[PDB]
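**Q** Can you look at this? It's an experimental structure, sequence on top.
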Amino acid sequence: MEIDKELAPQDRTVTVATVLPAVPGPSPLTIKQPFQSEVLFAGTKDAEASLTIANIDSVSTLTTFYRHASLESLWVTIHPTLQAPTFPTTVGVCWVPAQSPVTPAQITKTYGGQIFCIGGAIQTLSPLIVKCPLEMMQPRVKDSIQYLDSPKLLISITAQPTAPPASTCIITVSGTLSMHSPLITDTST
Amino acid sequence: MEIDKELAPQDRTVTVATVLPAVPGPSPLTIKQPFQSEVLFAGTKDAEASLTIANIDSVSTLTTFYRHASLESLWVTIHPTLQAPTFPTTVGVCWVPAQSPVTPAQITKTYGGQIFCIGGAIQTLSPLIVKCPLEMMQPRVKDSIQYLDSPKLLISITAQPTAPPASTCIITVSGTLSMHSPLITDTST
Amino acid sequence: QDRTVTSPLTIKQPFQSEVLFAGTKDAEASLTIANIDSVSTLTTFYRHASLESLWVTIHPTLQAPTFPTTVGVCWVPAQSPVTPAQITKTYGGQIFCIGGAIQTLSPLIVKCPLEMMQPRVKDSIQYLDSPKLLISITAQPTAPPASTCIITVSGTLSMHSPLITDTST
Amino acid sequence: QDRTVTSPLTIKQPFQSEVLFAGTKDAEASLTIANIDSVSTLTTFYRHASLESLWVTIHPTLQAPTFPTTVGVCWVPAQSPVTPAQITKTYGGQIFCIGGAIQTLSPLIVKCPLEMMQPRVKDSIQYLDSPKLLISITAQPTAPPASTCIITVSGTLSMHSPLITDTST
Amino acid sequence: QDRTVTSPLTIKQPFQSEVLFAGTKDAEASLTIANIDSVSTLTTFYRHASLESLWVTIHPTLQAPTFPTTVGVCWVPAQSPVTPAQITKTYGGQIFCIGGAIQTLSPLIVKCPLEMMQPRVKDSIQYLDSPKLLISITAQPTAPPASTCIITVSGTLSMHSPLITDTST
Amino acid sequence: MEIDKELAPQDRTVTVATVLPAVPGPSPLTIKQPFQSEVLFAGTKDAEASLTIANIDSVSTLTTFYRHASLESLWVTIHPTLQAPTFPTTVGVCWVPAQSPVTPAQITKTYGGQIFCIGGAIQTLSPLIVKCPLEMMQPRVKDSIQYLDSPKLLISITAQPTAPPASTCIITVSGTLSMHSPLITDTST
C-alpha cells in the first residue's frame, strides 16, 4: 500500500521573521479555513509564474471578514495530466519570501530552486508536492500592517519543442488558514 | 509481498455535523451491509460525474427496507483496465458534503479535490483508492429527517485526444451500511 | 395489531376525524394522518406534537347491507414507496367487505403500528417517516344511493411547548 | 393457534405477499412460503433467514357476498405427505366459507404452527421441514365476475450474515 | 369450555379426523372418539394412549349459505346414557345453525371437557368413561346439492410403551 | 530481495456459515493435501469463468477416499505469459459463496469484485494472487451433507481488440485440503 503523492522537499535554513504581537488583552476565538487554488496550467507553451500566496483570490475570499490571518500549512502540487506521458516537460519550483528580488528564470540560481521533469520517463507521474517552509517564510498573511517576508511562489515551465495538444500538468497551491478578530465592516454583501 | 492497491488520501479538516438524537427507547436490532457499485466507466470521452453516495443503486437498494442507515466505511476506487496502458487518462476526485455547491469542473478549486493520471506503461497501474473522510461528511445516509451534509462524490475525466477503443478504467464506490428499524413497504419486488 | 420489533408540561388530546366517505365509486386514498383536520387544529398551538395512539376505522352504514363494498387500509411510514393499488402486498395490508350486505356490526378498526414509524407529527424539524394512511375503495359495480361507510381516523396527541400564534379564532 | 409440544447482527423484516387470488374456479394450491416473492426478495441479501411469525389470511371481497365460496388452508412441514385434497384430514386442517354471502368482516387469519416445523427459510444447507401452505378453493358452481377473496401470506423474518451478491437492482 | 370441578418415554401426536359429512339429510351420530381412524392408526404402535386435548369442529361450506342447517354436538363419557335426540338436555349440550345462510366464518369448535371423563383411549384394561361424541344433524327440508359442513375431531395423544405388532405397513 | 509474487486482497466482511459438527465420538486422524488446478487460459478471446472450488477435478480426485474434507487455504493466481507485455488485458476476479446469484459480468457490481490490467504498463507483470476469504466462505468442501456457501470463483477476461497470438496469462487456483474419515468403498480402483 503506497501513497499516490510524491515529495521533493525544498532545502531549508534558519531565518526568523519580524512579527507584530497583539496588544495586551483578552485572547479572541479563532477558526481555520483550508484552501486549494489553481496556479498554472502549463505544458504547451514555455511560461513562468511568480505569485504571492498572500494575495491569492482564494485567501482574499476567506480572510474577507477577519483582520488577522496566518498560514497554517502551505504547498504546491504538480499534477501530471494525460499529456505528461507523451510530453515530458521541465518544471521549476521555489518558495521565496515575497521580499526577495528573484525571478522564475533564476529558480536554479536560488538556494531552494528545484527543477522537475514531469512526465516521459519511468515513475515521472505521481503528483509532486513542495511544502512551502513557513518556517523560513513570514506566515502572517493578513494583519494590522502589511508584512514583506510573506510567502511567494515561483514557477518556470519549459514546454516541449513540439508542444502537446493540451496542458501536461495542473499546478495548484493549497493550505490552511488560521484567522480571528472580526472586521467591523458592512455585511450587506 | 506488496499490496496491489495504491491510495491517495484526501486532505481533511475538523468539521462536525449535527444529527437527530436517539429516540427514547431500548436499543434496536441492526445489521451491516457491505457494497460496491459502479459509478463510472471512462477513458473514452471527456466526462464529469457528481453523484451523492446517498443515492447510488447499491445503497439506494440496501436501505430501501430501513428507516435509518449510516455509513460505516465508504470509499471510491479507480481500476485501470487493459486500455489504461495505451491511453493515459486524467481522473479528478473529490469528496464534499452533498450540500457543497461544488461542481467536478472545479475539483482543483476545492480543498480536497485531486486529479490523477491513470495510465501510460511508463508507470504504476494498481487500483487507486480515495477513502471518503466521513469525519467531515454527514454519515447519516438515511434517517427520519433529510440531513444535507451527506457525502457527495465528484469525478472529472479528460479522455485522450485520440480516444481509446474502450474505457481505460472503471470507477466504483464501496462501503458498509449500518441499518436498522424496518420500513414497511412492498416486498413483492 | 401486528408485531416485529425494532420536564416540559405536556398534555394529551384525543381525536377522531372523517378521512373518507365512500362506497359510491371506486377510489384510492393516500393521506398522511400527520395533516388531518383534527390533528391540524389540535397541534395548532404547540411546537411539538407526537401520536400516543392512532388507528383507522370504517363505520358500515345503512347502504352497507344493500351494497357490499370492498375496502382496504394499510398503515405505512409516510416515507414509504407503497401505493393503495398495492395494499395486500404490504405488511400493514388489510382488506374488508364493509357492508358485506346483511352484515352489521361495530366499525372495523385498524391500529396503526406506531412503534414502527416516527409518531412525532409536529416538531422543530420536518420528519419523513411520519404515519400515512392508505385507503382503497372499490364500490359495487352498480353504485349505491349514498355511501356505504365512513372512514375515520382516531388517535391521541401528546403535545407541549406553546407556539406563539394568534388565538383570535 | 393450536398446541402439541415437541453475536452476529441480525434484523427483522416484516412482510405480506399475495399467494392466491380465487373464488372463480375450483383450485388447489400447495406452496412453500419458504419461496414466496416477499421472502425471496427479502432473504436475497443474507445467508441465514428464519421465520419469526407466519400466518395465512383470506381477504373476503366484494363478490364474496354474491358468491359463497369454500376455501381451505392447512399449515404443514414442507417435508410432509399431505395434499390439499385432504386438509380436514390434517391437524393444521381448517376450512372457511369466505364470502359466506352477505357476511363481511376482516380477513380470516391462520397462524402457522412454527414451533412445529423448521422455520429457517434460508441457510448454508438445504432444509426439508420448512413451512409449506396448502390452499383449497372450490368456487361457486356458477362462477363469479371476479375473485371472491385474496389469500396472502404475512410474516416476519430474522436474518443476518450478508450474502455477497450484486446490489445493482 | 365449561367448568364443574371433580419415567417411560412418551410422545405427543396431534390429529384431526373427519367424523361426519352432513347437511343433506337429517341424521344422528354417536361416535366414541376413542376409536376414530386417526386415533386408531396413531395408537396402533403403543400400549398406553391418553388424550391431551380434544374437541369437535364443524366447517361450514359453500352450501351452508344456501341451506341453513341445524347441527348439535355434545361431549359425554362413553359410559353415559345420553343419546343425540337429547343434546340440549345434556350439560355438554350445544347447538348450531351451520351455514346460517349468508353467514360464513371459521369452523365452530367445541372443546371436550376431558377433565370430566377417562382420557385414556388405549390401555392394558378396557375403560368405559372414555370420550364419546354426539352429533345431531337436521338438514334443510329441501335437501342441498352437497353437504353444508364437515364435522371433524381434533386432538393430541400422549402415548408410550411400544406394542410389538407388525410394522410392515 | 523482493518477492516475485504480488497481492491484491479482496475486501472482507463478517459472515459466518452454518456447519455440521461431527457426532459425539472419538476424534479421527487427518491428513492435509495441497493442490493447484488450471482455471483459465485467457488473453486471446474475451471470455468469462465461474467455477465452484468445491468441485474442481483436483479436489474431486483427492477427497476421493474420505467422507470429510475442508479447505485449509485457497486462492487464485494470474500468471502473465510472454504475451502479457505486448497485449495488456483486463481481468476480473471475485470470490463469492457458491450460493450467490452473481455472474462474471457483475464482478465490478459485487462487493469484492476486482479488475486487473495484466500486462502492458510498467510493473504490470508479477503474478497476482487473490486469497479466497474462507473466513467469509463456507470452507466445508466435502461433508455429511452438501453445503451451499461453499467457495466459488468468478472470472472475467477482456481480451485485446487485436487479439494476441497466444494466451496472455494462465489462471490457476491453489490451496490445501484437510480431510479425514475413510469412505468404506471399493478400492479395486
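**A** Yes, it's here. Numbering: from 1, shown residues only, chains lettered A, B, ... in the order given.
**Q** For chain A, list the residues in contact with chain B, please.
**A** A:1-5, A:32, A:34-38, A:58, A:79-86, A:120-127, A:165-166, A:170, A:172, A:174, A:176 (CB under 8 Å from any CB of the partner chain). Every residue, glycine included, has its C-beta placed from N, CA and C.
**Q** which of those residues count as buried?
**A** Applying 16 or more other CB atoms under 10 Å in any protein chain shown to those, the neighbour count classes A:4, A:34-37, A:58, A:79-86, A:120, A:124-127, A:170, A:172, A:174, A:176 as buried.
**Q** Okay, and which of these map to strands?
**A** When those are checked against strands using DSSP state E, the ones located there are A:34-37, A:79-80, A:170, A:172, A:174, A:176.
**Q** Could you pull up the residues touching the closest residue to chain D within chain A?
**A** At 22.9 Å from chain D, residue A:1 is the closest residue in chain A, using CB to the nearest CB. For residue A:1, the set of contacting residues under the criterion of CB atoms under 8 Å, 6 or more residues apart in numbering or on different chains consists of B:3, B:5-7.
**Q** In helices, which of those appear?
**A** When DSSP state H is applied, the contacts of residue A:1 are split such that none fall in helices.
**Q** got those as JSON lines, with distance to residue B:144 columns?
**A** Conversion of those to JSON lines gives the following (distance: CB to CB, whole Å):
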{"residue": "B:3", "distance to residue B:144": "40"}
{"residue": "B:5", "distance to residue B:144": "37"}
{"residue": "B:6", "distance to residue B:144": "40"}
{"residue": "B:7", "distance to residue B:144": "35"}
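**Q** Using JSON lines, lay out those residues together with distance to chain A.
**A** Putting the contacts of residue A:1 into JSON lines (distance: CB to the nearest CB, whole Å) gives the following:
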{"residue": "B:3", "distance to chain A": "5"}
{"residue": "B:5", "distance to chain A": "6"}
{"residue": "B:6", "distance to chain A": "5"}
{"residue": "B:7", "distance to chain A": "6"}
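**Q** Tell me which two in those residues are the farthest apart.
**A** Largest separation among the contacts of residue A:1 by CB to CB: B:3 and B:7, giving 9.6 Å.
**Q** helix, strand or coil for residue A:108?
**A** helix (DSSP: H, G, I helix; E, B strand; the rest coil).
**Q** same question, the one 3 residues further on
**A** With three-state DSSP as the basis, residue A:111 sits in coil.
**Q** Let me know the closest of the ones in strands among the buried ones among the residues of chain A next to chain B to residue A:62.
**A** The shortest approach to residue A:62 among those belongs to residue A:35, at 6.3 Å (CB to CB).
**Q** Could you find the closest non-adjacent residue to the closest one?
**A** Using CB to CB, 6 or more residues apart in numbering or on different chains and skipping the chain neighbours, the partner closest in space to residue A:35 is residue A:58 (4.6 Å).
**Q** can I assume that neighbour is in contact with residue A:39?
**A** No. In this structure, residue A:58 sits apart from residue A:39 without contact. The criterion is CB atoms under 8 Å, and the distance is 10.4 Å.
**Q** Now do the helices in chain A.
**A** A:57-62.
**Q** in it, what residue is nearest chain F?
**A** Counting by CB to the nearest CB, chain A gets nearest chain F through residue A:122, at 5.9 Å.
**Q** Would you mind measuring from the closest residue to that residue other than its chain neighbours to residue A:164?
**A** Counting by CB to CB, 6+ apart, residue A:122 lies nearest to residue B:122, which is 5.5 Å off, once chain neighbours are set aside. Residue B:122 sits at a distance of 15 Å from residue A:164 (criterion: CB to CB, to the nearest Å).
**Q** Kindly report the same for residue A:24.
**A** Summarising the geometry, the distance separating residue A:24 from residue A:164, computed by CB to CB, is 58 Å.
**Q** neighbour count winner among those two?
**A** Shown here are residue A:24 and residue A:164; by other CB atoms under 10 Å in any protein chain shown, residue A:164 has more neighbours (21 against 5).
**Q** Make sure that one is actually in contact with residue A:81.
**A** No. Taking CB under 8 Å as the contact criterion, residue A:164 and residue A:81 are not neighbours in contact, 9.0 Å apart.
**Q** Are there residues contacting both of the two? Which ones?
**A** Any residue near both residue A:164 and residue A:81 by CB under 8 Å, 6+ apart counts here, and that gives residue A:43.
**Q** OK, contacts around residue A:170?
**A** For residue A:170, the residues meeting the contact criterion (CB under 8 Å, 6+ apart) are A:38, A:40-41, A:78-79, A:81, B:108, B:115.
**Q** Please give me every residue in contact with the nearest residue to it once chain neighbours are set aside.
**A** Spatial nearest neighbour of residue A:170, excluding adjacent residues (CB to CB, 6+ apart): residue A:79 at 4.8 Å. With contacts defined as CB under 8 Å, 6+ apart, the neighbours of residue A:79 are A:127, A:169-172, B:108, B:114-117.
**Q** How about the contacts made by the residue nearest to residue A:122?
**A** For residue B:122, the set of contacting residues under the criterion of CB under 8 Å, 6+ apart consists of A:85, A:120-125, F:121-122.
**Q** Between those, which sits nearest residue F:131?
**A** Taking those together and measuring to residue F:131 by CB to CB, the closest member is residue F:121, at 24.1 Å.
**Q** Is it correct that that closest one is in contact with residue B:123?
**A** Yes. Using CB under 8 Å, residue F:121 and residue B:123 qualify as a contacting pair, with a distance of 6.8 Å.
**Q** Look up how far residue A:22 lies from the closest residue to residue A:180 other than its chain neighbours.
**A** On the basis of CB to CB, 6+ apart, the spatially nearest residue to residue A:180 that is not a chain neighbour turns out to be residue A:30, at 3.7 Å. The span separating residue A:30 from residue A:22 equals 11 Å under the rule CB to CB.
**Q** cool, and residue A:97?
**A** According to CB to CB, residue A:97 and residue A:22 sit 23 Å apart.
**Q** Mind checking which of these two has more residues around it?
**A** residue A:97 (18 against 13).
**Q** got the phi/psi numbers for the closest residue to that one other than its chain neighbours?
**A** Counting by CB to CB, 6+ apart, the nearest residue to residue A:97 once its immediate chain neighbours are dropped is residue A:149, at 4.0 Å. Note on residue A:149: backbone dihedrals following degrees, to the nearest 10 are phi -70, psi 20.
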